[PDB]
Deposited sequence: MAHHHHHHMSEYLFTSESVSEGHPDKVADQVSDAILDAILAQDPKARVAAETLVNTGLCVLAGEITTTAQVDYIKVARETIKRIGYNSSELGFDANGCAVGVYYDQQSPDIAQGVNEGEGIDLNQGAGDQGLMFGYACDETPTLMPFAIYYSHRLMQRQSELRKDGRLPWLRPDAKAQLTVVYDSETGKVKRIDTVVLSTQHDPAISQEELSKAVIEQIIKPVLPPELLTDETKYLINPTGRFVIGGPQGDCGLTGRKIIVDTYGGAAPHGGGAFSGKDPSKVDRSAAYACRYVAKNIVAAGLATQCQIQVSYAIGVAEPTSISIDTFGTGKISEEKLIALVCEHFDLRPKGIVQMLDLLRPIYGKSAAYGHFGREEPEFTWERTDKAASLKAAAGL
């Protein structure tokens, strides 16, 4: 009668997310000076280490080492006690120029590849339930840390949500398990930590009606969590792509987002697909919607597009594809104009998810086409 689904998120202090944030901080720094820059910035962090590598073509004059250090500092890795310290880490710059062999609305894609977008009616921002609330658990951890309301919190943290679904209706019934692990100063006991995490992080974020007497709260299940981040651990750009998107509720095409300028369809087409699927759901034309597109390097129009409403569509998926092609320009330059992407808006996207946050920067979360799609379908 019921089935389980689990998703997870990680804080801005997780080593993979540190690498993502450094990559997009560098992207933003470049885009502030040179909106047309070509950027493919990869980051590896490890013990005392931040390697910057990849291909950049720009007129911007950016101090990459200072930007990387400032990013790590603002995440919270700025004191000796934490092992990893922006003041005492080596930053090495190994950037190349962009390959000339790789290098107006009909300009070609930067690469081949496939991309998925998704939306559903499970949450206020039209996200699947488990990833939406997993991200908000980590954001809440970060919020309390940075303003000092829980001053013993440290940067690295992880959340997991196991949710019980009704097999027939498909709706969320209850939350089965919450897992919350957080780094912390060594002087706080696990018991004090657990009580504060439940009162201040878990209960203020999750819907009260879905926390029952059967809900399991697993706080720091492996014990104390004093050292974290890149101290004795490695982080890499693009190693949290499922956390970054829909948490396993939808397929993924494989491309990472962070460190890539908006001419990389890996990022821009994934954002467009979210925008398309979200406006279809906000238009009331489906309660679940999934889209796949693909490109060929050096071709403008997508080599394929498909839409699935999983039986919830009020019109055929054929008709929806026609609506989409009339209302959205999915050529790479069309997407950039559609979403106003040539702006230093990406640093915030690189932790706590690229989708489901209706921030002014995140144009692909706007539902400004829903009404137009609703009327155009005859509804």
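Against the full deposited sequence, which stretches does the structure leave out? Comparing the full sequence with the modelled residues, the uncovered ranges come out as 1-9, 113-121.
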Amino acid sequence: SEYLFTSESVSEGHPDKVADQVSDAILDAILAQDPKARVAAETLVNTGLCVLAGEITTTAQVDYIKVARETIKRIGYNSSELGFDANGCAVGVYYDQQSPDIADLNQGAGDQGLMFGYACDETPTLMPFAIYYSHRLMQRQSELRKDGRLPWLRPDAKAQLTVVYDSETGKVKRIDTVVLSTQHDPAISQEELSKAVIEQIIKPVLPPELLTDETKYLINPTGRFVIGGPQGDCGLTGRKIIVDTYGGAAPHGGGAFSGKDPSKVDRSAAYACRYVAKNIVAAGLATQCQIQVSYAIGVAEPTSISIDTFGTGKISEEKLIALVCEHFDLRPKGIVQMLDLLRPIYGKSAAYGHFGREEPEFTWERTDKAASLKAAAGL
From here on, numbers count along this sequence of modelled residues.
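On mean Cα temperature factor in this entry, is 184-192 or 237-245 the higher one? It is 184-192 that shows the higher mean C-alpha B-factor.
What stretch has the higher average Cα B-factor here, 220-228 or 130-138? Result: 220-228.
Would you mind checking which of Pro204, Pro100, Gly76, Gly92 has the top Cα temperature factor in the PDB entry? In the PDB entry, the greatest C-alpha B-factor among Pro204, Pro100, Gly76, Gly92 is found at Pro100.
Options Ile321, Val62, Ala350, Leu44 - largest CA temperature factor per the record: Going by the entry's C-alpha B-factors, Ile321 comes out highest.
Could you say whether, by C-alpha temperature factor, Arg154 belongs to the lowest, middle or highest third of its chain? As the PDB entry reports it, the C-alpha B-factor of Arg154 lands in the lowest third of its chain.
Among the modelled residues of its chain, does the C-alpha B-factor of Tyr275 lie in the lowest, middle or highest third? Within its chain, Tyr275 is a middle-third residue by C-alpha B-factor, going by the deposited values.
Chain third (lowest, middle, highest) by recorded CA B-factor, residue given as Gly356: Middle third, going by the recorded CA B-factors of the chain.
Using only modelled residues of the chain, where does the Cα B factor of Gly254 rank: lowest third, middle third or highest third? Lowest third.
Looking at the C-alpha B-factor of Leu82, is it in the lowest, middle or highest third of its chain? According to the entry, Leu82 has a C-alpha B-factor in the chain's highest third.
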